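*Asks:* After the structure tokens below, expect a handful of questions from me.
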Amino acid sequence: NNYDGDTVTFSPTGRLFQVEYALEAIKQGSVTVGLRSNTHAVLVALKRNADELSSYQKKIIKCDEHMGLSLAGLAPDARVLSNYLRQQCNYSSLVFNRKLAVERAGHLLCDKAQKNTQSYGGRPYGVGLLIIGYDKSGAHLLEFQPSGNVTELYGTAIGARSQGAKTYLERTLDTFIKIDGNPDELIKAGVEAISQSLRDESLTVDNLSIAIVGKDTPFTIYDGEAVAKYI
Amino acid sequence: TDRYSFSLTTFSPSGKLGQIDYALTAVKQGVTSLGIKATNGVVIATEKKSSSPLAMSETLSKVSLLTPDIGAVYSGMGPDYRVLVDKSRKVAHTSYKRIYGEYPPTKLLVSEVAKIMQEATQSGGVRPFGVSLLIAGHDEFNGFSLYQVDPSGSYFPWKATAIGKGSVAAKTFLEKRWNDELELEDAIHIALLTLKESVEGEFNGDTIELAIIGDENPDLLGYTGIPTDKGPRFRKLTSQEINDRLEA
Amino acid sequence: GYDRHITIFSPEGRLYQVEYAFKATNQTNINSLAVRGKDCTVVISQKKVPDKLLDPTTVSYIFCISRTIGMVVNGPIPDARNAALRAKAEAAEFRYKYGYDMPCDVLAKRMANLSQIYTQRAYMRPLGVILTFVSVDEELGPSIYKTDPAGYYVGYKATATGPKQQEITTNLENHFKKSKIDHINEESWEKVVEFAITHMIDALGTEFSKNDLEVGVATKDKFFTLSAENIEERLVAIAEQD
Amino acid sequence: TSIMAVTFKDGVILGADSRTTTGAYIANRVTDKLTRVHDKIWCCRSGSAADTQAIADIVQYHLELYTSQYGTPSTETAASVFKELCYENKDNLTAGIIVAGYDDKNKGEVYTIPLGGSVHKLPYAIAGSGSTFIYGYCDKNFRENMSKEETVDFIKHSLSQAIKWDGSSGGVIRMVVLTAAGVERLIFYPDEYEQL
Amino acid sequence: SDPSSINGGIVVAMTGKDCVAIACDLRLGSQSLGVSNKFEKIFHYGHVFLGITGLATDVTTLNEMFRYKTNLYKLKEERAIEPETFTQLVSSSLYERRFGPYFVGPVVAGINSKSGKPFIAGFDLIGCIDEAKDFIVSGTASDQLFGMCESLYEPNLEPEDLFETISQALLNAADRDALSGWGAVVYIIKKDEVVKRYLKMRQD
Amino acid sequence: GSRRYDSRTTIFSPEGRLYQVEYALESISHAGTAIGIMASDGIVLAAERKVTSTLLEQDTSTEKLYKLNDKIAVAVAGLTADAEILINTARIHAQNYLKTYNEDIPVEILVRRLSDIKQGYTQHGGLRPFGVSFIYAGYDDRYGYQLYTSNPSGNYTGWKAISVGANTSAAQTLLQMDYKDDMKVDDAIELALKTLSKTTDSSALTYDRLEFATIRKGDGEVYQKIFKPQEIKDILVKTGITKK
Amino acid sequence: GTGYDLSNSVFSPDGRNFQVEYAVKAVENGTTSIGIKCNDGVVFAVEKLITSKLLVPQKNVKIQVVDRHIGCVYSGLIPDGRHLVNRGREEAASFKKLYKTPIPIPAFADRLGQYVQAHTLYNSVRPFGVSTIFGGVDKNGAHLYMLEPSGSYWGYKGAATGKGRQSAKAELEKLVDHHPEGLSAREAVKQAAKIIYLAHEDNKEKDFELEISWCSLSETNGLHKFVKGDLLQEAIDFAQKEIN
Amino acid sequence: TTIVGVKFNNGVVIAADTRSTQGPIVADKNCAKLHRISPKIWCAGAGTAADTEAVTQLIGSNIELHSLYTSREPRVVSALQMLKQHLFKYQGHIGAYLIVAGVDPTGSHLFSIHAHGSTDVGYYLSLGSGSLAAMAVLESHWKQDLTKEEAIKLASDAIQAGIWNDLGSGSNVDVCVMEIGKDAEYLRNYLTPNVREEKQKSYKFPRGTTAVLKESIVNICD
Ligand SMILES: CCCNC(=O)[C@@H]1NC(=O)[C@@H](CC(N)=O)NC(=O)[C@@H](NC(=O)C(=O)[C@@H](C)CC)Cc2ccc(O)c(c2)-c2cccc3c2NC(=O)[C@@]3(O)[C@H]1O
Ligand SMILES: CCCNC(=O)[C@@H]1NC(=O)[C@@H](CC(N)=O)NC(=O)[C@@H](NC(=O)C(=O)[C@@H](C)CC)Cc2ccc(O)c(c2)-c2cccc3c2NC(=O)[C@@]3(O)[C@H]1O
Ligand SMILES: [Mg+2]
Ligand SMILES: [Mg+2]
Ligand SMILES: [Mg+2]
């Protein structure tokens, strides 16, 4: 109320209301899910259009041949953060001949988002990110919130109505966690997961976007007719 | 990160500059000080009001030497006065001594200090100085002079004046006791009298601070061998001299 | 108005932030005093370690600024350590630039000028601390100089600071009025420490164990702080008196 | 210039000559090339008098600040400060410095820092234009854990030879003994060390 | 060739009985080629006169700068600057460009308006002050001027005699320098009167 | 952050006025009146001191009339210290023009530079404007004698006769009442002193409450004469305002 | 007046800085973290709330390392703690680069303290929303420190912060009173496991994962190491048995 | 140039010649090379005369400000440190070679500063082109426990040796004596051993010898 004028202000309870408003901006974004086994990691995003004459905005961004993410919320903030992640991967590769570990990428995104929440001027990022990757320690899925908190999970979902998909993942854990060496089955699991967050809508080739990375499979995005075989 | 780049002193709809008025209020609530211009010198005086008998009043000097021929006293906030004395001592060198090889005349040092205080009333993220200064000096081409500098940065030459709480009564007394033929000792005596009314407690050589801009004292120079180099015109009176003059 | 938030004048001509920093100086509920012997300077401060989980050796408000200068702070420990680090740096730089040890009063004036800067500039807040500097200056002898959030500083025959400061000040005033000298006429610093502890016990009306005090002694060419057992020995010597 | 520092059973001793030259002219014949940076951490300076004095003053400042913040520094720390200064300004400095210290834990250490800013911990170290002429001699006479008198004799003989052969060296022989007992200063005049 | 010898010229100042004198040549050239016969090298601010030998562009720049500074000095102090104070100002202004100085050799002359005492001084290009009691020389014929002055000068000369002396010094020094001459001016300065005379000299 | 304490000194009112400029003009409206009158053979400036005390040293006192160079002077109305800042910058600009062109600076160029400084203070920087109004009296070889006025807004205009500070309505009415285009400098002196004596908020127009200046011909040269207290007393007894 | 709690560096009339106290509230909302000093090292323990079973166990590590000998854990806003750890790593690198030796634990504590305190001097920055327990072994032995959002820090025999700080401090007081000789590193690891399990009662809603690290002169040779595998399982079993 | 400094039992003396040269030409026959850094701290300079004057003036101004700030008499070690660090900062391009002497609350001190920033301490010092002559006297006649007059004569004789045997030195001998208790006394032209003989003629020309083309009066009023 009187403590939401900027990010540099604590509330009497100890809250940062600008960060919470950014989280709200996320919760209004379109739904996207992430889930990984032990050999692959898959991103399934539901794209949102302006009207029937418009396109469905992209939600999955490639950061490196082994790492990518999906967005929910303010798309320009996702562009900024994914460009930073691209540079970090690029710096790792160029200076150390080393693919950037997904864990360190999450740490870097956390530290980048944090400094926007402690200094006057500016604002927290208005986007949430789901980062899939395959590195020296296998497949990885991260959830990033603009508060700075980044967590690794077997699966998750963000955006509007994401709780149905998230509880489905909580139920399907023992099943999808061992879909090793079969990418199409992991993508089927992801589509089944994102179906829980559908209210008065069904998946079409225009609004469905999938991404996959893993062992011997570079981070690749399937859009349009390519995803028709999962509908 | 200094984000106060805007002025903290702005014009009110009535035309007043509020922070300057409030600094003048702080000056008016300070201990009285005064200056008197004689024919062969100038006198500046004030009261040393110590907090505790354990405090050593002699360590803190309210009357400060600016140049060998220029001294200053104040009324208002002590720390502002101390930092102003430091800045003035340095500006007397950088902006004059190092350019002309001589110490600045009283008018110009007063103008430099006034520039500092004016900037304090207009620069970004600062408050005016909460002091008023009485600067007494002597230079070769203008003689003896006595100036008052206010928080706004304005300055005025005075034959005699006083600032602080007892400023009005002291000013009236000075008006009724000042002439243009007063010797230095006459001005010292009138200054002691004018101080005697504004001081409530003890009144002796240890409770009041008084200095003069009079003749050159070569004994205070520290070296001999240059006939053109005479002693400083500034001299602080000791407790002994003040008490000796208090007898009459 | 916002003349209560930043260091600008109130219509009464006051700086309320300076006054509230003065108020914050008492937050620790600790009293301290400083006195001068014949050839030394002693500071006593109350030591209160309430939490048993604390390492009592790290709970101190007396700082060694240099080989010769010691400083005891009345205020919260963050601003206290801020001032301590700044004073140590200032003393080191003074020595490097001018070729001799920074005097007690000069360091006091420097810290007071910085406090005045905080008093006049809006972006810097005052430090809620009172800094008592003590030493045996090679020109002035035993010295006590104290600074406050207002940028004020002055020297003292003796001094006291804290919630019960006035009582300690009156006690020392009465003693020096009776003695008619501006110092403790003792050749050993141990007896001056004993004097200080005795008069603080009197003024505060409380007894102290060896863990209720911090003691700092400054002699020619060294300032140091006493151990718990040295304080205990002083307390025993005091107890054996009449 | 002829300087050296030798570790022995009770601590460490630094030794130097007292000759400062401008060209072939002896600008000073009583120079004190033994400089203190901390109570029991000293240095022998060689090379540019200005450079060595500036470096020593800066190191003394840094060690005073280190003492005020964290207490007594190790000899290794003083050598590291000297090394940082000499290496980061190798293009504008010409200073060879022998840092010698004593603490109750390590019982005295010697670090040599030549041109370029490298640092080497040694039982003893020699440096200066005269040092060359005594290399062999020192390598034939130094032993570990000598006595105070043995170490003083070793340094006196080495510096006597260095002064004899090097025109840049000469004057008196200055020594600083750092032990648990403290700091002692020794001087030896030409009428004494020339007969050796 | 070098900046202090491209244009050439000489200035010389002398003191007498309650008077000073300052003279200069009129030549401005570019090495061998003589360019201008009217290049005077003595300016005045109030009652303080300043001659400047050396690089001509720096002479003009210094004249303009000192006019600037003396005007501001007069406005602030409400009086004319005195020869001693202007000497100090010249020295400080020169040293301000210590490692890239003006290639000049200034000379200050005047009568102190208060004491009435004659005053002269000279500077090198970085501002070292020589406050001579007898005479000051500067320019490409500095050695010739030095010899002429050390031979001819005697103290306490009356203005009509000091004029002849300084004129002979200047002329006979310029006639042994390929880069000096081409006319000359001489100022005789008394506390309340300044006369300026153009000398007739050989034009080669 | 610090935005909450920002007075925003360079913003527009809903009516299209600058708050701080209007308030600085309100401040100047309480300053001692200053009058300039331009004649065919000279210019006269006359300013009134405020609340002078008897112990005030009027010999070395200067609060109204300042020299910019030898051909341009200024009468100030408002904060003396802001005025002195602007005066020093104006003197520096005049000397810069002289050094660059070897000619004295024309009056309007200096006036416009100072006015542009003021305008800058009224459009960017977030600082308060100078509470000063200037009357410039100058002479150049293009427009001869010139009288200008400038205010905190950075606006400047030219005048045959003008007043700034307190009681400018009545003073301007009187000036317009008695001014003739052909009048000489002495008649302008009389008119200025009479206007001041009729508009002064004090009992009588005595010499110690006055600063006076004339830019005249005396040779082909212009002369700036800043009147000493005795000269002000003498011109006052000459005009008949005071008795000998 | 009112509104003092709206800017970061503003004193209240009672002398406090309410923004720091709101940060302290943010800290009190956090999970429980503790540190235990033993006779030759330190142990650090933290509760990690299992928000969902989708979280990968043993990942999402909270305890951070500084240099090779300092352990740091914090309660409150995890990103603020990470920022403080980044600064501390810079300070330690700078100290080592200049002085060769790794930074002593008190020196590192004062570095962190000066940083946090500086974050209470201006209204342009927000105080840290974490309380940080840290420490390790240096040339003078073992050191444990706790640092509050005000910049205040102290050395502790045992320290605890977060939602379960009360019961944790009670258990630590019991351990201190009963063991004047000091705990061993392994015994302190077991006691840290027990204290985390006990303090979980104040956050008993969700299930938790225990995370322990230690720096022991004998058990880890003066280096910071995470307690993994058999030792971690043994400490978990000790705590499970002792709470039942 | 020949500058020397000699300590004595209760203070310190410095001395210098008065010859200033532009290469081989004598620019100033009466140059004051003894500079006052503070009332009781003086310094003799050699090398670039402008550089010596400038650094001594600058360090003296800063020393005066420092003394007003600290409310203490200035110390010789302070001027020494400031001059040293300034000269070192400029890598010897400030060609000032100084002998700094003074009495302060800590006693009497005599130091030398090289243009590159190196400092030396001793009981007798000499710098300049004539130093080798002056030092030759010093090493011949210096002894411990010199009286005031003894040290004054020793410094004067060193400066005289420099004057006679060095082409870069000559004319008069300036001295500055600084005793522990007294003020510093600055003896300008303590010796004048190079008075010029009377010239064989007067070269006053008969009025009208010089040919004038035109004359005019120049106004200096304002
Ligand atoms: C404790 C060490 C004692 N060292 C000496 O006594 C000896 N002398 C000095 O260091 C004093 C002499 C003095 N005070 O004038 N300084 C200079 O010479 C100074 N340099 C100069 O004056 C010049 O460049 C003139 C000629 C320009 C015309 C500073 C400089 C600059 C670069 C540089 O590489 C050196 C010294 C240097 C490096 C190594 C060895 C020697 C050096 N210089 C020696 O002569 C030397 O042989 C020294 O051993
Ligand atoms: C207390 C010390 C007293 N020293 C002297 O009197 C002696 N004289 C000066 O320093 C005065 C003399 C004066 N009045 O100009 N300055 C110059 O000579 C000036 N030189 C010039 O104008 C020119 O170069 C013309 C041709 C334009 C290019 C400045 C300069 C420039 C370079 C330079 O290397 C030096 C001095 C220098 C360095 C060290 C030693 C000496 C030097 N010059 C000596 O001759 C010297 O031997 C001095 O000892
Ligand atoms: Mg200061
Ligand atoms: Mg010719
Ligand atoms: Mg020809």
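Naming works like this for the structure tokens: A, B, ... for the chains as they're shown, residue 1 at the start of each chain, ligands 1 onward in shown order.
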Name the residues in contact with residue 192 (chain G) at a cut-off of 9 Å, using only C-alpha atoms, excluding same-chain residues fewer than 3 positions from it; report them as a ChimeraX atom specification.
*Replies:* /G:34-36,43-46,187-189,195-197,212,235,239
*Asks:* Quick one: residues within 8 Å of region 81-97 of chain G, only C-alpha atoms counted, chain neighbours fewer than 6 positions away excluded, as a PyMOL selection string?
*Replies:* (chain A and resi 111+114) or (chain G and resi 64+66-67+72-75+103+108+111-112+128-130+132)
*Asks:* Taking only C-alpha atoms into account, report as number ranges by chain which residues of chain B lie within 7 Å of chain F.
*Replies:* B: 3-4, 6-7, 10-16, 118, 122, 124, 153-154, 156-160, 175
*Asks:* Just N, CA, C and O atoms for this one: save the residues we selected as a compact mmCIF listing (two decimals), in the first residue's frame.
*Replies:*
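As written to disk, selection-v5.txt reads:
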```
# COMPACT_ATOMS: atom_id res chain seq x y z
N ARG B 3 22.02 10.55 -4.81
CA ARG B 3 20.92 10.86 -5.71
C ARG B 3 20.26 12.20 -5.40
O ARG B 3 19.19 12.49 -5.94
N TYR B 4 20.87 13.02 -4.54
CA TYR B 4 20.32 14.33 -4.20
C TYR B 4 20.99 15.41 -5.04
O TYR B 4 21.82 16.19 -4.58
N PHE B 6 19.14 17.71 -6.66
CA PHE B 6 18.22 18.84 -6.70
C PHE B 6 18.44 19.76 -5.51
O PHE B 6 19.01 19.37 -4.49
N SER B 7 17.96 20.99 -5.64
CA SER B 7 18.13 21.97 -4.58
C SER B 7 17.25 21.63 -3.38
O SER B 7 16.08 21.28 -3.53
N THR B 10 14.43 26.11 -1.84
CA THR B 10 13.63 26.59 -2.96
C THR B 10 12.77 27.76 -2.50
O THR B 10 12.49 27.93 -1.31
N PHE B 11 12.34 28.56 -3.47
CA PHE B 11 11.49 29.71 -3.18
C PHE B 11 10.09 29.25 -2.80
O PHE B 11 9.50 28.40 -3.47
N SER B 12 9.57 29.81 -1.72
CA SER B 12 8.19 29.62 -1.33
C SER B 12 7.30 30.61 -2.07
O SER B 12 7.79 31.59 -2.63
N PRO B 13 5.98 30.37 -2.11
CA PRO B 13 5.10 31.31 -2.82
C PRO B 13 5.19 32.74 -2.30
O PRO B 13 4.92 33.68 -3.06
N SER B 14 5.58 32.93 -1.04
CA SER B 14 5.75 34.28 -0.50
C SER B 14 7.05 34.93 -0.93
O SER B 14 7.22 36.14 -0.72
N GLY B 15 7.97 34.18 -1.54
CA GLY B 15 9.26 34.69 -1.92
C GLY B 15 10.38 34.35 -0.95
O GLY B 15 11.54 34.66 -1.25
N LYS B 16 10.07 33.73 0.18
CA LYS B 16 11.10 33.41 1.15
C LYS B 16 11.89 32.18 0.70
O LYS B 16 11.40 31.34 -0.06
N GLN B 118 26.88 30.83 -0.17
CA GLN B 118 25.85 30.95 -1.19
C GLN B 118 25.67 29.62 -1.92
O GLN B 118 24.54 29.14 -2.08
N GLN B 122 22.34 26.83 -2.65
CA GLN B 122 21.78 26.56 -3.98
C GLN B 122 22.22 25.24 -4.60
O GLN B 122 21.48 24.72 -5.45
N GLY B 124 23.07 21.13 -5.07
CA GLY B 124 22.16 20.01 -4.89
C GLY B 124 22.48 19.20 -3.64
O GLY B 124 23.64 18.94 -3.31
N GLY B 153 24.89 33.97 2.20
CA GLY B 153 26.06 34.34 1.44
C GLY B 153 26.26 35.82 1.25
O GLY B 153 27.19 36.22 0.56
N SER B 154 25.40 36.65 1.84
CA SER B 154 25.57 38.09 1.76
C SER B 154 26.52 38.57 2.84
O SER B 154 26.63 37.97 3.91
N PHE B 156 28.27 42.34 4.69
CA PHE B 156 28.14 43.78 4.90
C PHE B 156 29.29 44.30 5.75
O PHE B 156 29.68 43.65 6.73
N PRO B 157 29.84 45.46 5.40
CA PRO B 157 30.87 46.07 6.25
C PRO B 157 30.24 46.82 7.41
O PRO B 157 29.24 47.52 7.26
N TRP B 158 30.85 46.67 8.59
CA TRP B 158 30.33 47.26 9.82
C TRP B 158 31.40 48.08 10.52
O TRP B 158 32.56 47.66 10.59
N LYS B 159 31.00 49.24 11.04
CA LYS B 159 31.86 49.96 11.97
C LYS B 159 31.90 49.26 13.32
O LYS B 159 32.92 49.30 14.02
N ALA B 160 30.80 48.61 13.70
CA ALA B 160 30.67 47.78 14.89
C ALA B 160 29.32 47.08 14.80
O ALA B 160 28.35 47.66 14.32
N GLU B 175 25.79 51.34 19.15
CA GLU B 175 25.38 52.58 18.51
C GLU B 175 25.53 53.76 19.46
O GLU B 175 26.00 54.83 19.06
```
*Asks:* Excluding same-chain residues fewer than 6 positions from residue 168 (chain C), what lies within 7 Å of it counting only C-alpha atoms, as JSON, numbers by chain?
*Replies:* {"C": [160, 200, 203]}
*Asks:* May I have the residues of chain H within 6 Å of chain B, counting only C-alpha atoms, written as an mmCIF file with C-alpha atoms, in the first residue's frame?
*Replies:*
```cif
data_model
loop_
_atom_site.group_PDB
_atom_site.id
_atom_site.type_symbol
_atom_site.label_atom_id
_atom_site.label_comp_id
_atom_site.auth_asym_id
_atom_site.auth_seq_id
_atom_site.Cartn_x
_atom_site.Cartn_y
_atom_site.Cartn_z
ATOM 1 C CA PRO H 39 59.213 30.178 10.432
ATOM 2 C CA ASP H 183 63.832 32.158 16.565
ATOM 3 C CA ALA H 184 65.448 31.300 13.261
ATOM 4 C CA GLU H 185 67.843 34.081 12.234
ATOM 5 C CA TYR H 186 68.307 34.622 8.496
ATOM 6 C CA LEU H 187 71.609 36.356 7.709
#
```
*Asks:* Leaving out region 186-192 of chain E and any residue of its chain fewer than 4 positions from it, which residues lie within 9 Å of it when counting only C-alpha atoms, given as a list in words?
*Replies:*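 My reading of the contact set: residues 18, 19, 20, 21, 22, 23, 24, 25, 42, 47, 109, 110, 111, 112, 113, 116, 117, 118, 159, 160, 162, 163, 166, 167, 196, 197, 198 and 199 of chain E; 220 of chain H.
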*Asks:* Chain D residues within 10 Å of chain H, counting only C-alpha atoms: which ones, as a list in words?
*Replies:* residues 20, 25, 27, 28, 29, 30, 31, 32, 48, 49, 50, 51, 52, 53, 54, 57 and 92 of chain D
*Asks:* Restricting the output to C-alpha atoms, write the selected residues as an mmCIF file, in the first residue's frame.
*Replies:*
```cif
data_model
loop_
_atom_site.group_PDB
_atom_site.id
_atom_site.type_symbol
_atom_site.label_atom_id
_atom_site.label_comp_id
_atom_site.auth_asym_id
_atom_site.auth_seq_id
_atom_site.Cartn_x
_atom_site.Cartn_y
_atom_site.Cartn_z
ATOM 1 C CA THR D 20 75.318 5.759 -1.609
ATOM 2 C CA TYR D 25 80.966 10.020 -6.439
ATOM 3 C CA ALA D 27 76.887 10.951 -2.255
ATOM 4 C CA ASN D 28 76.602 9.465 1.245
ATOM 5 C CA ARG D 29 79.033 7.338 3.254
ATOM 6 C CA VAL D 30 76.859 6.549 6.299
ATOM 7 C CA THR D 31 73.724 5.335 4.518
ATOM 8 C CA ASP D 32 71.290 3.160 6.495
ATOM 9 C CA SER D 48 67.410 3.102 -6.825
ATOM 10 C CA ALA D 49 67.507 4.874 -3.470
ATOM 11 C CA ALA D 50 64.314 6.740 -4.378
ATOM 12 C CA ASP D 51 62.482 3.604 -5.529
ATOM 13 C CA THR D 52 63.538 1.536 -2.518
ATOM 14 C CA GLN D 53 62.634 4.294 -0.052
ATOM 15 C CA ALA D 54 59.222 4.833 -1.658
ATOM 16 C CA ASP D 57 57.404 3.664 3.041
ATOM 17 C CA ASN D 92 59.201 1.794 -13.660
#
```
*Asks:* Enumerate as a PDB file with C-alpha atoms, in the first residue's frame the residues within 10 Å of ligand 3, counting only C-alpha atoms and all ligand atoms.
*Replies:*
```pdb
ATOM      1  CA  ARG B  82      34.978  24.856  12.012  1.00  0.00           C
ATOM      2  CA  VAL B  83      34.638  23.404   8.517  1.00  0.00           C
ATOM      3  CA  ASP B  86      39.238  25.105   7.295  1.00  0.00           C
ATOM      4  CA  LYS B  87      37.818  25.882   3.839  1.00  0.00           C
TER       5      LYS B  87
ATOM      6  CA  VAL C 106      43.669  15.807  15.272  1.00  0.00           C
ATOM      7  CA  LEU C 107      41.995  12.441  14.655  1.00  0.00           C
ATOM      8  CA  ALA C 108      39.076  13.664  16.768  1.00  0.00           C
ATOM      9  CA  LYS C 109      38.789  16.784  14.597  1.00  0.00           C
ATOM     10  CA  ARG C 110      38.914  14.687  11.418  1.00  0.00           C
ATOM     11  CA  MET C 111      36.142  12.360  12.605  1.00  0.00           C
ATOM     12  CA  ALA C 112      34.127  15.374  13.774  1.00  0.00           C
ATOM     13  CA  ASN C 113      34.506  17.009  10.351  1.00  0.00           C
ATOM     14  CA  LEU C 114      33.258  13.837   8.673  1.00  0.00           C
ATOM     15  CA  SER C 115      30.291  13.808  11.072  1.00  0.00           C
ATOM     16  CA  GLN C 116      29.610  17.445  10.175  1.00  0.00           C
ATOM     17  CA  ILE C 117      29.651  16.487   6.492  1.00  0.00           C
TER      18      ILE C 117
ATOM     19  CA  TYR H  69      44.711  22.365  11.156  1.00  0.00           C
TER      20      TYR H  69
END
```
*Asks:* When the cut-off is 6 Å and you count only C-alpha atoms and all ligand atoms, which residues lie near ligand 4, shown as a count of residues only?
*Replies:* 8
*Asks:* Around ligand 2, at most 6 Å away and counting only C-alpha atoms and all ligand atoms, which residues are there? Put them as number ranges by chain, please.
*Replies:* E: 124-125; H: 1, 20-23, 27, 33, 45-49
*Asks:* Could you write out that same residue set with N, CA, C and O atoms as a short mmCIF file (atom, residue, chain, number, x, y, z; two decimals), in the first residue's frame?
*Replies:*
```cif
data_model
loop_
_atom_site.label_atom_id
_atom_site.label_comp_id
_atom_site.auth_asym_id
_atom_site.auth_seq_id
_atom_site.Cartn_x
_atom_site.Cartn_y
_atom_site.Cartn_z
N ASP E 124 62.69 33.58 -16.59
CA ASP E 124 62.89 32.58 -17.62
C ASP E 124 61.54 32.01 -18.04
O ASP E 124 60.48 32.44 -17.56
N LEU E 125 61.55 31.03 -18.95
CA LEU E 125 60.30 30.59 -19.56
C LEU E 125 59.42 29.81 -18.60
O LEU E 125 58.23 29.64 -18.88
N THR H 1 76.01 26.17 -8.22
CA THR H 1 75.38 26.34 -6.92
C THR H 1 76.12 25.53 -5.86
O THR H 1 76.58 24.42 -6.12
N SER H 20 73.31 32.90 -9.70
CA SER H 20 72.30 32.27 -10.55
C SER H 20 72.71 32.45 -12.00
O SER H 20 72.98 33.57 -12.44
N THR H 21 72.74 31.34 -12.75
CA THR H 21 73.35 31.33 -14.08
C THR H 21 72.40 30.77 -15.13
O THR H 21 71.68 29.80 -14.87
N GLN H 22 72.43 31.37 -16.31
CA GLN H 22 71.79 30.82 -17.51
C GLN H 22 72.91 30.22 -18.36
O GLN H 22 73.48 30.88 -19.23
N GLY H 23 73.24 28.97 -18.07
CA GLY H 23 74.38 28.33 -18.69
C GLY H 23 75.68 28.93 -18.18
O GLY H 23 75.98 28.87 -16.98
N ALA H 27 73.15 35.12 -14.50
CA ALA H 27 71.85 35.76 -14.62
C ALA H 27 71.55 36.68 -13.45
O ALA H 27 71.02 37.78 -13.63
N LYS H 33 68.90 31.64 -2.29
CA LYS H 33 68.63 30.21 -2.42
C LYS H 33 68.12 29.58 -1.14
O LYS H 33 67.76 28.40 -1.15
N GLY H 45 68.19 25.21 -1.95
CA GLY H 45 67.83 24.54 -3.19
C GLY H 45 68.90 24.68 -4.25
O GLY H 45 69.62 25.68 -4.31
N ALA H 46 68.99 23.66 -5.11
CA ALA H 46 69.91 23.65 -6.24
C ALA H 46 69.26 22.93 -7.41
O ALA H 46 68.35 22.11 -7.24
N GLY H 47 69.73 23.25 -8.61
CA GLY H 47 69.16 22.71 -9.82
C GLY H 47 68.30 23.73 -10.53
O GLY H 47 68.64 24.91 -10.56
N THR H 48 67.18 23.28 -11.11
CA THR H 48 66.23 24.19 -11.74
C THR H 48 65.68 25.18 -10.72
O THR H 48 64.88 24.80 -9.86
N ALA H 49 66.10 26.44 -10.81
CA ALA H 49 65.76 27.42 -9.78
C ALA H 49 64.25 27.60 -9.65
O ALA H 49 63.72 27.68 -8.53
#
```
*Asks:* For residue 130 (chain C), please output as a PyMOL selection string all residues within 6 Å (counting only C-alpha atoms; exclusion window: fewer than 4 positions along the same chain).
*Replies:* chain C and resi 73-74+147-148
*Asks:* Given a cut-off of 9 Å, which residues of chain C touch chain F, counting only C-alpha atoms, written out as a list in words?
*Replies:*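 Result: residues 2, 6 and 123 of chain C.
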*Asks:* Which is closer to ligand 1 than all the others in D:130, D:137, D:179, D:172, using only C-alpha atoms and all ligand atoms?
*Replies:*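 Among the listed residues, D:130 lies closest to ligand 1.
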*Asks:* Give me, as a PyMOL selection string, the contact residues of chain A against chain G at a cut-off of 8 Å, counting only C-alpha atoms.
*Replies:* chain A and resi 3+8-15+110-111+114+118-120+147-149+151-156+169-170+173
